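Working notes, structure below.
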20 protein chains.
Amino acid sequence: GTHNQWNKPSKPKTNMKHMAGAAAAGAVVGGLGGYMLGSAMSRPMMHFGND
Amino acid sequence: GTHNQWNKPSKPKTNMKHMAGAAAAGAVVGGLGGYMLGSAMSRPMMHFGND
Amino acid sequence: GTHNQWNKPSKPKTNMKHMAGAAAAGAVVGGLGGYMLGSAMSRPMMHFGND
Amino acid sequence: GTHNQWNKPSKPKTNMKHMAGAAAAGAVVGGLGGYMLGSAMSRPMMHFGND
Amino acid sequence: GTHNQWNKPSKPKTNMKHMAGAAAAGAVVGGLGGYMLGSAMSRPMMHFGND
Amino acid sequence: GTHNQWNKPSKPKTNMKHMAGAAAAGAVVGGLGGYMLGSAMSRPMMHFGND
Amino acid sequence: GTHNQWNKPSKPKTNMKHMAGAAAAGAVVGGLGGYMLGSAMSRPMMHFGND
Amino acid sequence: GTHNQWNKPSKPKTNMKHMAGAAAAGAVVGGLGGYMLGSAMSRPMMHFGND
Amino acid sequence: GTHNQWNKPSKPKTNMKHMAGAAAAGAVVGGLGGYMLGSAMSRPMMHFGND
Amino acid sequence: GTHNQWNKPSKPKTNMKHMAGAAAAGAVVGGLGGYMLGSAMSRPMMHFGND
Amino acid sequence: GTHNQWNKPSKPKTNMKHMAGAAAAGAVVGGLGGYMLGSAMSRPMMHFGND
Amino acid sequence: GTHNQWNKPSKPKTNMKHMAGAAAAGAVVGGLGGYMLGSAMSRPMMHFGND
Amino acid sequence: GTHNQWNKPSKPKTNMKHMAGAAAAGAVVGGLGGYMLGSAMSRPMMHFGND
Amino acid sequence: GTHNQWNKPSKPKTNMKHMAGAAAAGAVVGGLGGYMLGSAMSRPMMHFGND
Amino acid sequence: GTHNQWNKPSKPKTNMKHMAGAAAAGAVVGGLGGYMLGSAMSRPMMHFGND
Amino acid sequence: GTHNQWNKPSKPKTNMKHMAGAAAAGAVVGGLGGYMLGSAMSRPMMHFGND
Amino acid sequence: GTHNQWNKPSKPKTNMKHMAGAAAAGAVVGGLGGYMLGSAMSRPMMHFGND
Amino acid sequence: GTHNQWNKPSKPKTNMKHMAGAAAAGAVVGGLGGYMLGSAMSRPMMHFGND
Amino acid sequence: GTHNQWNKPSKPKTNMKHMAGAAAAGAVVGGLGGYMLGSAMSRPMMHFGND
Amino acid sequence: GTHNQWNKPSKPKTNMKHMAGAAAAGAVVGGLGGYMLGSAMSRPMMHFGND
C-alpha cells in the first residue's frame, strides 16, 4: 500500500550536542603477572563537555 | 492499506543533549596473577556534562 | 485498512537531556589470582550531568 | 478497519531528562582466588544528575 | 470497525524526569574462593538525582 | 463496532518524576567458598531522588 | 507500493556538536610481567569540548 | 514501487563541529617485562575543542 | 522502481569543522624489557582545535 | 529502474576545516631493552588548529 | 578474647553458578507525552542460563 | 571469652546455583501523559535458569 | 584479642561461573514526545550463558 | 591484637568465568520528539557466553 | 597489631575468562527530532565468548 | 604494626583471557533532525572471542 | 610499620590474552540534518580474537 | 617504615597478547547535512587477532 | 623509609605481542553537505595480527 | 629514604612484537560539498602482522 508523509515545519531548529553512540571508561589495574613494590592507580576520565 | 501522516509544526525546536546510547564505567582491580606490596586503586569517571 | 494521523502542533519544543540507553558502573576487585599485601579499591563513577 | 487520529496541540513542550533505559551499579569484591592481606573495597556510583 | 480519536490539548506541557526502565544496585562480596586476611566491603550507590 | 474518543483538555500539565519500572538492591555476602579472617559487609543503596 | 514524502521546512538550522560514534578511555596498569619498585599511574582523559 | 521525495528548504544552515567517528585514549603502563626503579606514568589526553 | 528526489534549497550553508574519522591517543610506558633507574612518563595530546 | 535527482541550490557555501581522516598521537617510552639512569619522557602533540 | 578456627577440609569443591547480586527487568511503556497511532510493546528478558 | 571452632569435613561439596540477592520484574504501562490510539503491552520476564 | 585461622584444604577446586554483581534489562518505549504512526517495540535480552 | 592466617592448600584450582561486575541492556524507543511513519524497534542483546 | 599470612599452595592454577568490569548494550531509537518515513531499528549485541 | 606475607606457590599458572575493564555497545538511530525516506538500522557487535 | 613479602614461586607462567582496558562499539545513524532517500546502516564490529 | 620484597621465581614465563589499552570502533552515518539518493553504510571492524 | 626489592628470576621469558595503547577504527559517512546520487560506504579495518 | 633494587636474571629473553602506541584507521566519505553521480567507498586497512 501507499505511504504518504507531508512535513511542513517552519523554522525548525534542532540541536544534537554532547552525545555519544557508545562510551566506555575502563581500567585493568594490579599485579598483572609482575612484581611491584608500589601503588598502581588508574583514573580514566571521560567528559562530554559542559553546554 | 494506505498510511497517511500530515505533520504541520510551526517553529519546532528540539534538543538532544548529554545523551549516550550505552555508557560503561568499569574497573578490574587486584593482584591479577602478580605479586604486589602496595595498594591498587582505580577510579574510572564518566561525565555527560553540565547543561 | 487505512491509517490517518493529522499532527498540528504550533511551536512544539522538546528536550531530551542527560539520558542513556544503558548505563553500567561495575567493578571486580580483589586478589584475582594474585598475591597482594595491600588494599585494592575501585570507585567507578558515572554522572549524567546537572541540568 | 480505518483508524484516525487528529492531534491538535498548541505550544506543547515536553521534557525527558535524567532518564535511563537500564542502569546497573554492581561490584564483585573479595579474594577471587587470590591471597590478600588487606582490605578490598569497591564503591561504584551512578548518578543521573540534579535537575 | 473504525477507531477515531480527537486530541485537542492547548499548551500541554509534560515532564519525564529522573526515571529508569530498570535499575539494579547489587554486590557480591566475600571470600569468593580466595584467602583474605582483611575486610571486604562494597557500597554500590545509584541515585536518580534531586529535582 | 466503532470506538470514538473526544479528548479536549485545556492546558494539561503532567509530571512523571522519580519513577522506575523495576528496581532491585541486593547483596550476596559471606564466605562464598573462600577463607576469610575478616568482616565482609555490603551496603547497596538505591535512591530515586528528592523532589 | 509507492512512498511519497513532501519536506517543506523554511530556514531549518541544525547543529551536531561535540559528538562521537564511539569513545573509549581505558588503561592497563601494573606489573605487566616486570619488576617495578615504584608507582605506576595512568590518567587517560577524553573531553568532547565545552559548548 | 516508486519512491518520491520533495525537499524544499529555504536557507538551511547545518553545522557539524567537534565530532569523531571513533575516539580512543588508552595507555598500557607498568613493568612490561623490564626492571624499573622509578615511577611510570602516562596521561594521554584527547580534546575535541571548545565551541 | 523509479526513485526521484527534488532538492530545492536556497542559500544552504554547511560547516564541517574540527572533525576526525578516527582519533587515537595512546601510550605504552614502562620497563619494556630494559633496566631503568628513572621515571618514564608519556603525555600524548590530541586537540581538534577551538572554534 | 531509473534514478533522478534535481539539485537546485542558490549560493550554497560549504566549509570543511580542521578535519582528518585518521589521527594518531602515540608514544612508546621506557627501557626498551637498554640501560638508562635517567628519565625518559615523550609528549607527542597533535593540533587541528583554531578556527 | 581470642578467637580460633581450625579448618581442615579434604578436597572441598564449591560451585557458584548462575547467580546475581541484584537483577531487574523493567519496562516503562505507553504514550509518555507523545502522540502514537500504534501499539507500543516491550519485552525485556533476563535469563541466568541453564545449568 | 575465648571462642573455638574445629571444622573437620572430609570432601565437602557445596553448590549455590540459580540464586539472586534481589530480583525485580516490573512494568509501568499506560497513557503516561500521552495520546495513544493503540494497545500498550509489556511482558518483562526474568528466569533463573533450569538446573 | 588475637584471631587465628588454620586453613588446611587439600585440592580445593572452586568455580564461579555465569554470575553478575548487578544486572538490568530495561526499556522505555512509547511516544516520548513525538508523533508516530507505527508500532514501537523493544526487546532487550540479557543472558548469563548455559553451563 | 594480632591476626594470623595459615593457608595450606595443595593444588587449588579456581575458575572465574562469564562474570560481570555490572551489566545493563537497555533501550529508549519511540518518537523522541520526531515525526515517524514507521516502526521503531530495538533489540539490545547481552550474552555472557556458553561454558 | 601484627598481621601474618602464610600462603603455601602447591600448583595453584587460576582462570579468569570472559569477564567484564562493566558491560552496557544500549540503544536510543526513534524520530529523535527528525522526519522519517521508514523503520528505525537497532540491535546492539555484546558477547563474552564461548568457553 | 608489622605486616608479613609468605607466598610459597610451586608452579602457579594463571590465565586472564577475554576480559575487559569496561565494554559498551550502543547505537543512536533515527531521524536525528533530518528527513529520511528509508530505514535506518545499526547493529554494533562486540565479541570477546571464543576460548 | 614494616611490611615484608616473601615471594617464592617456582616456574610461574602467567597469560594475559585478548583483554582490553575499555572497549566501545557505537554508531550514530540517521538523517543527521540531511535529506536521504535511502537506507543508512552501520555495523561496527569489535572482536578480541579466538584463543 | 621499611618495605621489603623478596622475589624468587625460577623460570617465570609471562605472555601479554592481543590486548589494548582502549579500543573504539564507531561510525557516524547518514545525511550529515547533504542530499543523498542512495544508501550510506559503514562497517568499521576491529580485530585483536587469533591466538 | 627504606624500600628494598630482591629480584631473582632464572631464565624469565616475557612476550608482549599484538598490543596497542589505543586503537580506533571509525568512519563518518553520508552526504556531508554534498549532493550524491550513489551509495557511500566505508569499511575501515584494523587487525592486530594472528599469533 | 634509600631505594635499592637487586636484579639478578639469568638468560632473560624478552619480545615486543606487532605493537603500536596508537593506531587509527578512519575514513570520511560522502558528498563533502560536491556533486557526485557515483559511489564513494573507502577501505582503510591497518594490519600489525602475523607472528
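The way I read the labels, and the way they are meant: chains A, B, ... in the order of the C-alpha cells, residue 1 as the first residue of every chain, and ligand 1 as the first ligand shown, with later ones counted on from there.
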
Worksheet item: Within 9 Å of chain D, which residues of chain B show up when using only C-alpha atoms, listed as a list in words?
Response: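 Output check: residues 25, 26, 30, 31, 32, 33, 39 and 50 of chain B.
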
Can you write just those residues out, C-alpha atoms, as a PDB file, in the first residue's frame?
```
ATOM      1  CA  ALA B  25      32.498   2.743  33.593  1.00  0.00           C
ATOM      2  CA  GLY B  26      34.160  -0.389  34.909  1.00  0.00           C
ATOM      3  CA  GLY B  30      43.641  -6.545  42.282  1.00  0.00           C
ATOM      4  CA  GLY B  31      46.508  -8.980  42.152  1.00  0.00           C
ATOM      5  CA  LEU B  32      45.609 -10.298  38.685  1.00  0.00           C
ATOM      6  CA  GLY B  33      48.196 -13.047  38.959  1.00  0.00           C
ATOM      7  CA  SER B  39      47.636  -0.568  47.034  1.00  0.00           C
ATOM      8  CA  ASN B  50      26.501  20.026  32.899  1.00  0.00           C
TER       9      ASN B  50
END
```

Practice prompt. Write down as a list in words the residues of chain T whose backbone DSSP state falls under strand (DSSP E).
Written response: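 Those residues are residues 3, 4, 5, 6, 7, 13, 14, 15, 16, 17, 23, 24, 25, 28, 29, 30, 35, 36, 40, 41, 42, 45, 46 and 47 of chain T.
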
Output of the above residues as a PDB file, in the first residue's frame, restricted to C-alpha atoms:
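Now in result.pdb:
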```pdb
ATOM      1  CA  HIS T   3      65.726   2.692  47.482  1.00  0.00           C
ATOM      2  CA  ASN T   4      67.563  -0.476  46.487  1.00  0.00           C
ATOM      3  CA  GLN T   5      66.855  -2.994  43.750  1.00  0.00           C
ATOM      4  CA  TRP T   6      68.863  -6.142  43.076  1.00  0.00           C
ATOM      5  CA  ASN T   7      68.046  -7.534  39.641  1.00  0.00           C
ATOM      6  CA  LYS T  13      64.687 -13.098  26.797  1.00  0.00           C
ATOM      7  CA  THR T  14      62.009 -10.502  26.101  1.00  0.00           C
ATOM      8  CA  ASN T  15      59.946  -9.961  22.950  1.00  0.00           C
ATOM      9  CA  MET T  16      57.919  -6.911  21.949  1.00  0.00           C
ATOM     10  CA  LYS T  17      56.340  -7.591  18.577  1.00  0.00           C
ATOM     11  CA  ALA T  23      46.646   3.158  15.866  1.00  0.00           C
ATOM     12  CA  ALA T  24      43.862   4.860  13.921  1.00  0.00           C
ATOM     13  CA  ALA T  25      42.078   3.654  10.777  1.00  0.00           C
ATOM     14  CA  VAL T  28      35.455  10.428   5.899  1.00  0.00           C
ATOM     15  CA  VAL T  29      33.312   9.543   2.896  1.00  0.00           C
ATOM     16  CA  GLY T  30      30.461  11.175   1.058  1.00  0.00           C
ATOM     17  CA  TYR T  35      28.158  16.747  -6.792  1.00  0.00           C
ATOM     18  CA  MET T  36      28.750  13.060  -7.418  1.00  0.00           C
ATOM     19  CA  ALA T  40      32.262   6.752  -2.995  1.00  0.00           C
ATOM     20  CA  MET T  41      33.869   3.958  -0.995  1.00  0.00           C
ATOM     21  CA  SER T  42      36.882   3.850   1.294  1.00  0.00           C
ATOM     22  CA  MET T  45      43.199  -1.238   6.393  1.00  0.00           C
ATOM     23  CA  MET T  46      45.747  -1.474   9.176  1.00  0.00           C
ATOM     24  CA  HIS T  47      47.475  -4.746   9.978  1.00  0.00           C
TER      25      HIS T  47
END
```
